[PDB]
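Undergrad: Next up, coords38.cif (mmCIF, C-alpha atoms).
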```cif
data_my_file
loop_
_atom_site.label_atom_id
_atom_site.label_comp_id
_atom_site.auth_asym_id
_atom_site.auth_seq_id
_atom_site.Cartn_x
_atom_site.Cartn_y
_atom_site.Cartn_z
CA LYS B 1 -9.60 -7.00 -10.89
CA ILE B 2 -10.88 -4.04 -12.80
CA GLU B 3 -8.41 -1.23 -13.63
CA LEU B 4 -9.01 2.30 -14.93
CA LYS B 5 -6.85 4.39 -17.32
CA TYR B 6 -7.24 8.09 -17.98
CA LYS B 7 -6.25 10.61 -20.59
CA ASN B 8 -7.31 14.22 -21.33
CA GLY B 9 -9.17 14.86 -24.59
CA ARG B 10 -8.38 18.62 -24.56
CA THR B 11 -5.91 19.91 -22.05
CA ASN B 12 -6.78 23.72 -22.09
CA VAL B 13 -7.04 24.62 -18.36
CA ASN B 14 -9.49 27.58 -18.30
CA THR B 15 -12.31 26.24 -20.47
CA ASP B 16 -15.87 25.63 -19.22
CA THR B 17 -15.84 22.17 -20.90
CA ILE B 18 -13.79 19.18 -19.69
CA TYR B 19 -13.00 16.04 -21.81
CA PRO B 20 -12.25 12.97 -19.67
CA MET B 21 -11.35 9.83 -21.60
CA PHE B 22 -11.12 6.38 -19.97
CA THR B 23 -10.22 2.81 -20.69
CA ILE B 24 -11.76 0.25 -18.35
CA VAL B 25 -9.67 -2.95 -18.33
CA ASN B 26 -10.76 -6.35 -16.96
CA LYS B 27 -7.43 -7.83 -15.82
CA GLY B 28 -9.13 -10.69 -13.87
CA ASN B 29 -10.60 -14.07 -14.67
CA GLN B 30 -14.26 -13.25 -14.22
CA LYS B 31 -16.49 -11.07 -16.44
CA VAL B 32 -18.00 -7.94 -14.84
CA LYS B 33 -21.37 -6.47 -15.78
CA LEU B 34 -20.96 -2.83 -16.82
CA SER B 35 -24.17 -1.82 -15.02
CA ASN B 36 -22.21 -2.68 -11.81
CA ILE B 37 -19.34 -0.29 -12.65
CA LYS B 38 -19.26 3.47 -11.82
CA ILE B 39 -16.49 5.99 -12.42
CA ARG B 40 -15.90 9.37 -10.75
CA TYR B 41 -14.09 12.49 -11.91
CA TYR B 42 -13.67 15.27 -9.28
CA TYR B 43 -13.50 19.02 -9.94
CA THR B 44 -14.41 22.40 -8.53
CA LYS B 45 -17.54 24.19 -9.65
CA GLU B 46 -18.33 27.91 -8.78
CA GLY B 47 -21.94 28.45 -9.56
CA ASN B 48 -25.36 26.84 -9.23
CA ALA B 49 -26.21 26.02 -12.92
CA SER B 50 -26.60 22.29 -13.78
CA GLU B 51 -23.77 20.70 -15.71
CA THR B 52 -24.26 19.11 -19.21
CA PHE B 53 -22.90 15.64 -19.95
CA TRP B 54 -22.30 13.92 -23.29
CA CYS B 55 -20.67 10.72 -24.57
CA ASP B 56 -18.55 11.02 -27.72
CA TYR B 57 -17.57 7.37 -27.96
CA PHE B 58 -18.09 4.06 -26.11
CA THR B 59 -17.22 0.49 -27.24
CA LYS B 60 -20.66 -0.67 -26.20
CA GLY B 61 -22.72 2.25 -27.59
CA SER B 62 -22.77 5.91 -26.39
CA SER B 63 -26.50 5.60 -25.60
CA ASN B 64 -25.63 3.05 -22.89
CA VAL B 65 -23.44 5.50 -20.93
CA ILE B 66 -25.14 7.59 -18.19
CA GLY B 67 -23.64 10.78 -16.71
CA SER B 68 -24.69 12.18 -13.33
CA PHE B 69 -23.46 15.02 -11.21
CA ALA B 70 -23.07 15.27 -7.44
CA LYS B 71 -21.50 17.31 -4.63
CA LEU B 72 -18.81 16.43 -2.16
CA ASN B 73 -20.24 18.70 0.56
CA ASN B 74 -16.77 18.92 2.17
CA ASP B 75 -15.57 22.53 1.62
CA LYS B 76 -12.15 21.53 0.20
CA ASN B 77 -10.34 23.42 -2.51
CA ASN B 78 -9.22 20.52 -4.78
CA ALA B 79 -12.81 19.58 -5.67
CA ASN B 80 -16.38 20.18 -4.57
CA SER B 81 -18.23 18.23 -7.23
CA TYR B 82 -17.98 15.04 -9.27
CA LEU B 83 -19.16 13.51 -12.46
CA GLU B 84 -20.32 9.93 -11.88
CA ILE B 85 -20.45 7.69 -14.96
CA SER B 86 -22.67 4.67 -14.96
CA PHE B 87 -23.87 2.12 -17.55
CA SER B 88 -27.14 0.57 -18.68
CA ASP B 89 -28.11 -3.10 -18.76
CA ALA B 90 -27.75 -2.96 -22.53
CA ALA B 91 -24.00 -2.10 -22.16
CA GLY B 92 -23.44 -5.83 -21.42
CA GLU B 93 -20.29 -7.16 -19.86
CA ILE B 94 -16.54 -6.76 -20.06
CA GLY B 95 -15.18 -10.26 -20.39
CA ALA B 96 -12.10 -11.41 -18.58
CA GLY B 97 -9.04 -9.84 -20.33
CA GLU B 98 -11.22 -7.46 -22.39
CA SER B 99 -11.49 -3.66 -22.06
CA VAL B 100 -13.77 -0.86 -23.21
CA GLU B 101 -12.89 2.72 -24.24
CA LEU B 102 -15.07 5.71 -23.22
CA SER B 103 -14.65 9.32 -24.39
CA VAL B 104 -16.96 11.77 -22.64
CA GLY B 105 -17.29 15.47 -22.01
CA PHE B 106 -19.12 17.87 -19.76
CA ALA B 107 -19.73 21.59 -19.39
CA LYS B 108 -19.66 23.00 -15.89
CA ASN B 109 -21.91 25.93 -17.01
CA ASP B 110 -19.90 28.31 -14.85
CA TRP B 111 -18.09 30.21 -17.66
CA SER B 112 -15.76 31.38 -14.84
CA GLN B 113 -12.19 30.85 -16.30
CA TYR B 114 -11.30 28.81 -13.23
CA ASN B 115 -7.89 27.13 -13.24
CA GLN B 116 -8.63 23.44 -13.76
CA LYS B 117 -5.06 22.62 -12.64
CA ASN B 118 -6.49 23.03 -9.17
CA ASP B 119 -8.89 20.10 -9.83
CA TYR B 120 -8.16 16.85 -8.05
CA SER B 121 -8.78 14.71 -11.18
CA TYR B 122 -7.10 17.06 -13.77
CA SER B 123 -4.17 15.64 -15.73
CA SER B 124 -2.62 17.02 -18.87
CA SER B 125 -1.66 13.51 -20.09
CA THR B 126 -2.55 12.71 -23.73
CA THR B 127 -1.54 9.06 -23.14
CA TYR B 128 -3.93 6.71 -21.33
CA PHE B 129 -2.30 6.04 -17.96
CA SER B 130 -2.84 4.59 -14.50
CA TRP B 131 -4.12 7.80 -12.83
CA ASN B 132 -5.13 7.26 -9.24
CA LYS B 133 -7.14 10.58 -8.86
CA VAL B 134 -10.10 9.18 -10.74
CA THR B 135 -12.05 6.34 -9.12
CA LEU B 136 -13.82 3.12 -10.15
CA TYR B 137 -16.41 1.19 -8.10
CA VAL B 138 -17.76 -2.35 -8.61
CA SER B 139 -21.24 -3.00 -7.04
CA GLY B 140 -20.71 0.20 -5.10
CA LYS B 141 -17.35 -0.76 -3.62
CA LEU B 142 -14.16 1.23 -4.42
CA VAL B 143 -11.71 -0.96 -6.34
CA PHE B 144 -9.44 1.60 -8.13
CA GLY B 145 -8.06 4.97 -7.14
CA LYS B 146 -8.00 7.35 -4.23
CA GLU B 147 -11.03 9.37 -3.15
CA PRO B 148 -10.35 13.02 -2.27
#
```
Could the structure of this file be written out as structure tokens, please?

TA:
Amino acid sequence: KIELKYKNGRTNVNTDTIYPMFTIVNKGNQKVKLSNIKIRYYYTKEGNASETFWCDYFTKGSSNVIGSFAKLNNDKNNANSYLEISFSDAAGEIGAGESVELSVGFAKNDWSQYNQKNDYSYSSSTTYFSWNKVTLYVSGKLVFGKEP
């Protein structure tokens, strides 16, 4: 029973950079290996340049957080792209009743002034909350949130 909380590290809506922050909470009785957990954040991208990902903070070491980018290939206006966050073997485990905190960022490399309020996963919250428009998978299976 793995839950995900979200807050926004910088709420400006027309910037090229986006600052998703998450807490991953193990609310079950069994430990989960972090290398089995993935998180997605969904947004619209205009242009063909590759995004840039970084990790500003992670309980288990920023070097153990992996950022990848992919397309939804669905022609919808709330998102066409996602950031997928994954974790290395060296990230270890989240014990039962423990949590980890993760503060990341990415640049779309559009420089377009797009309105991020149109993004499926955008929230202006500066409090970690139970936001169901970001998703969490365990061993590839969706366990938290709603896919677009």

Undergrad: Quick one: axis-aligned box around all listed atoms of segment 13-25 of chain B, 4 Å on every side, centre and edge lengths in Å to one decimal, written as AutoDock Vina command-line options.

TA:
```
--center_x -11.5 --center_y 12.3 --center_z -20.1 --size_x 16.8 --size_y 38.5 --size_z 11.5
```

Undergrad: Which residues, written as a list in words, have at least one atom at most 8 Å from residue 38 of chain B, with only C-alpha atoms counted and residues fewer than 3 positions away on the same chain left out?

TA: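 Contacts, in chain order: residues 35, 84, 85, 86, 87, 136, 137, 138 and 140 of chain B.
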
Undergrad: Specify as a short mmCIF file (atom, residue, chain, number, x, y, z; two decimals) with C-alpha atoms, keeping the file's coordinate frame each residue included when the PyMOL selection byres ((chain B and resi 129) around 6) is applied to this file.

TA:
```
data_model
loop_
_atom_site.label_atom_id
_atom_site.label_comp_id
_atom_site.auth_asym_id
_atom_site.auth_seq_id
_atom_site.Cartn_x
_atom_site.Cartn_y
_atom_site.Cartn_z
CA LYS B 5 -6.85 4.39 -17.32
CA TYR B 6 -7.24 8.09 -17.98
CA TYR B 128 -3.93 6.71 -21.33
CA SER B 130 -2.84 4.59 -14.50
CA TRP B 131 -4.12 7.80 -12.83
#
```

Undergrad: Might you pull out every residue within 7 Å of residue 23 of chain B, with only C-alpha atoms counted and same-chain residues fewer than 6 positions away left off, and present them as a PyMOL selection string?

TA: chain B and resi 4-6+99-102

Undergrad: Report as a list in words the full result of the PyMOL selection byres ((chain B and resi 106-110) around 6) when it is applied to this structure.

TA: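 In the shown coordinates, the PyMOL selection byres ((chain B and resi 106-110) around 6) covers residues 16, 17, 18, 47, 49, 51, 52, 53, 105, 111 and 112 of chain B.
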
Undergrad: Could you check which of B:65, B:79, B:25, B:13 is closest to residue 43 of chain B, using only C-alpha atoms?

TA: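 Ranked by minimum distance to residue 43 of chain B, first place goes to B:79.
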
Undergrad: What residues have an atom no more than 8 Å from (-9.4, 9.4, -27.4) in the file's own frame, counting all atoms listed in the file, and can you write them as a PyMOL selection string?

TA: chain B and resi 7+9+21+102-103

Undergrad: Quick one: residues within 6 Å of residue 88 of chain B, all atoms listed in the file counted, chain neighbours fewer than 2 positions away excluded, as a VMD selection string?

TA: chain B and resid 35 64 90 to 91

Undergrad: Could you please take those selected residues and save C-alpha atoms as a PDB file, in the frame of the given file?

TA:
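Result file selection.pdb:
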```
ATOM      1  CA  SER B  35     -24.170  -1.820 -15.020  1.00  0.00           C
ATOM      2  CA  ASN B  64     -25.630   3.050 -22.890  1.00  0.00           C
ATOM      3  CA  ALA B  90     -27.750  -2.960 -22.530  1.00  0.00           C
ATOM      4  CA  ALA B  91     -24.000  -2.100 -22.160  1.00  0.00           C
TER       5      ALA B  91
END
```

Undergrad: Applying 10 Å and only C-alpha atoms, which residues near residue 121 of chain B remain after dropping the ones on its own chain fewer than 3 positions away? List them as a ChimeraX atom specification.

TA: /B:6,20,40-44,78-79,82,116-118,131-135,147-148

Undergrad: Pick the closest to residue 34 of chain B from B:95, B:46, B:1, B:14: which is it, counting only C-alpha atoms?

TA: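 Among B:95, B:46, B:1, B:14, it is B:95 that comes nearest to residue 34 of chain B.
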
Undergrad: Which distance in Å separates atom CA of residue 122 of chain B and atom CA of residue 50 of chain B, to one decimal?

TA: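 Going from atom CA of residue 122 of chain B over to atom CA of residue 50 of chain B covers 20.2 Å.
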
Undergrad: Using all atoms listed in the file for the distances, tell me which of B:77, B:27, B:3, B:104 is nearest to residue 55 of chain B.

TA: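 Under the stated criterion, the closest residue is B:104.
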
Undergrad: Work out how far apart atom CA of residue 81 of chain B and atom CA of residue 69 of chain B are and give it in Å to one decimal.

TA: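 We find that atom CA of residue 81 of chain B and atom CA of residue 69 of chain B lie 7.3 Å from each other.
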
Undergrad: Between B:143, B:32, B:39, B:24, which has the minimum distance to residue 58 of chain B (counting all atoms listed in the file)?

TA: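 The answer is B:24, which sits nearest to residue 58 of chain B.
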
Undergrad: Looking at all atoms listed in the file, which of B:114, B:19, B:120, B:144 is the one that sits closest to residue 54 of chain B?

TA: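 Under the stated criterion, the closest residue is B:19.
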
Undergrad: Hey, which of B:2, B:141, B:8, B:74 ends up closest to residue 123 of chain B? Count all atoms listed in the file.

TA: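 Ranked by minimum distance to residue 123 of chain B, first place goes to B:8.
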
Undergrad: Where atoms are missing, can you supply N, CA, C and O atoms for segment 82-101 of chain B and output the lot as a compact mmCIF listing (two decimals), keeping the file's coordinate frame?

TA:
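In the end it all went to selection.txt:
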```txt
# COMPACT_ATOMS: atom_id res chain seq x y z
N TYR B 82 -18.46 16.10 -8.40
CA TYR B 82 -17.98 15.04 -9.27
C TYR B 82 -19.01 14.68 -10.31
O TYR B 82 -20.22 14.87 -10.13
N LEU B 83 -18.44 14.22 -11.42
CA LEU B 83 -19.16 13.51 -12.46
C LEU B 83 -19.12 12.04 -12.06
O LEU B 83 -18.03 11.51 -11.75
N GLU B 84 -20.27 11.39 -12.06
CA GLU B 84 -20.32 9.93 -11.88
C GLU B 84 -20.86 9.28 -13.17
O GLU B 84 -21.96 9.63 -13.65
N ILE B 85 -20.07 8.38 -13.74
CA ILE B 85 -20.45 7.69 -14.96
C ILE B 85 -20.88 6.29 -14.66
O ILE B 85 -20.20 5.56 -13.90
N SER B 86 -22.08 5.98 -15.16
CA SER B 86 -22.67 4.67 -14.96
C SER B 86 -23.12 4.12 -16.30
O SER B 86 -22.99 4.79 -17.31
N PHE B 87 -23.61 2.86 -16.30
CA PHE B 87 -23.87 2.12 -17.55
C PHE B 87 -25.17 1.35 -17.46
O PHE B 87 -25.52 0.91 -16.38
N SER B 88 -25.87 1.26 -18.59
CA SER B 88 -27.14 0.57 -18.68
C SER B 88 -26.95 -0.93 -18.81
O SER B 88 -25.85 -1.43 -19.16
N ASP B 89 -28.06 -1.65 -18.55
CA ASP B 89 -28.11 -3.10 -18.76
C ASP B 89 -27.64 -3.47 -20.13
O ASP B 89 -26.92 -4.45 -20.28
N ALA B 90 -28.07 -2.69 -21.15
CA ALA B 90 -27.75 -2.96 -22.53
C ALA B 90 -26.27 -2.80 -22.90
O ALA B 90 -25.83 -3.29 -23.94
N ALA B 91 -25.47 -2.15 -22.03
CA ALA B 91 -24.00 -2.10 -22.16
C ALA B 91 -23.31 -3.47 -22.06
O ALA B 91 -22.17 -3.61 -22.47
N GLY B 92 -23.99 -4.47 -21.50
CA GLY B 92 -23.44 -5.83 -21.42
C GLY B 92 -22.29 -5.92 -20.45
O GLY B 92 -22.28 -5.28 -19.41
N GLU B 93 -21.30 -6.72 -20.80
CA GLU B 93 -20.29 -7.16 -19.86
C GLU B 93 -18.93 -6.87 -20.44
O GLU B 93 -18.83 -6.74 -21.64
N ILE B 94 -17.90 -6.84 -19.60
CA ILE B 94 -16.54 -6.76 -20.06
C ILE B 94 -16.03 -8.13 -19.67
O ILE B 94 -15.84 -8.43 -18.51
N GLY B 95 -15.74 -8.96 -20.67
CA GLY B 95 -15.18 -10.26 -20.39
C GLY B 95 -13.79 -10.17 -19.77
O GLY B 95 -13.10 -9.13 -19.87
N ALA B 96 -13.41 -11.24 -19.10
CA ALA B 96 -12.10 -11.41 -18.58
C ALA B 96 -11.04 -11.14 -19.66
O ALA B 96 -11.15 -11.63 -20.82
N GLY B 97 -10.07 -10.28 -19.34
CA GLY B 97 -9.04 -9.84 -20.33
C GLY B 97 -9.54 -8.93 -21.45
O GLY B 97 -8.76 -8.61 -22.34
N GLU B 98 -10.80 -8.49 -21.46
CA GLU B 98 -11.22 -7.46 -22.39
C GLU B 98 -11.22 -6.04 -21.71
O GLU B 98 -10.98 -5.89 -20.53
N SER B 99 -11.45 -5.04 -22.54
CA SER B 99 -11.49 -3.66 -22.06
C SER B 99 -12.52 -2.93 -22.91
O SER B 99 -12.93 -3.39 -23.97
N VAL B 100 -12.95 -1.76 -22.43
CA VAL B 100 -13.77 -0.86 -23.21
C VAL B 100 -13.13 0.53 -23.10
O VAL B 100 -12.48 0.83 -22.10
N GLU B 101 -13.37 1.34 -24.14
CA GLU B 101 -12.89 2.72 -24.24
C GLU B 101 -14.11 3.65 -24.21
O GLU B 101 -15.11 3.40 -24.88
```
